[PDB]
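Asker: Sharing a structure with you now.
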Amino acid sequence: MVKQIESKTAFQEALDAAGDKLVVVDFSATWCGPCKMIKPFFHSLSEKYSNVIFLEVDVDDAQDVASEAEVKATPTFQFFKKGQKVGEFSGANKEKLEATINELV
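What follows is the structure in structure tokens.
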């Protein structure tokens, strides 16, 4: 399914429950409209890819984690693995997520 991150504490514990499988992260903005209209797409992979762990961070409620990756352009997606960043990209291209998932699959 998905998991909303409140800060970095939950972020680390989240990668712990992931184990070693892939772990994508959605950095969007709730106060924003357009950046929020793309959430039904990312959260869609949750049920379409039960073999992937999808997280949901808010640069407003979890601005502490956003400063870590220094996200200055939402929406943005990051690919984590074993707690190690292996790929990432920014752009309102939710469709690209498909070709991207087949990148580190």
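Using my numbering, read the sequence shown as starting at 25 and increasing by one per residue.
We put the CB at the ideal spot given by N, CA and C, even for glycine.
1) In chain order, what residues of the same chain lie with their CB nearer than 8 Å to the CB of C56, ignoring the 5 residues before and after it?
2) Do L128 and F101 have their beta-carbon atoms positioned less than 8 Å apart in this structure?
3) Report the rounded CA-to-CA distance for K72 versus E122, giving the unit in angstroms.
4) Measuring CB to CB, does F35 end up less than 8 Å from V110?
5) Between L79 and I29, is the Cβ-Cβ spacing less than 8 Å?
6) Kindly give me the distance between the Cβ atoms of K118 and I77, rounded to whole angstroms, as I take these residues to be in contact under 8 Å.
7) How many angstroms separate the CA atom of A86 from the CA atom of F66?
8) Quick one: what does DSSP say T98 is sitting in, helix, strand or coil?
9) To test your reading of the DSSP string, which unbroken beta strand (DSSP E) runs of 3 or more residues are found completely within the region 47-105?
10) Kindly indicate which residue of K105, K120, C59 and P64 has the alpha-carbon position closest to the one of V83.
11) Let's see if you can read the secondary structure: which residues bound the beta strand (DSSP E) around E112?
Answerer: In short:
1) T98
2) no
3) 11 Å
4) no
5) yes
6) Going by Cβ atoms, the distance from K118 to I77 rounds to 18 Å, so no, they are not a contact pair.
7) 18 Å
8) coil
9) 77-82 and 100-105
10) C59
11) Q108 to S114
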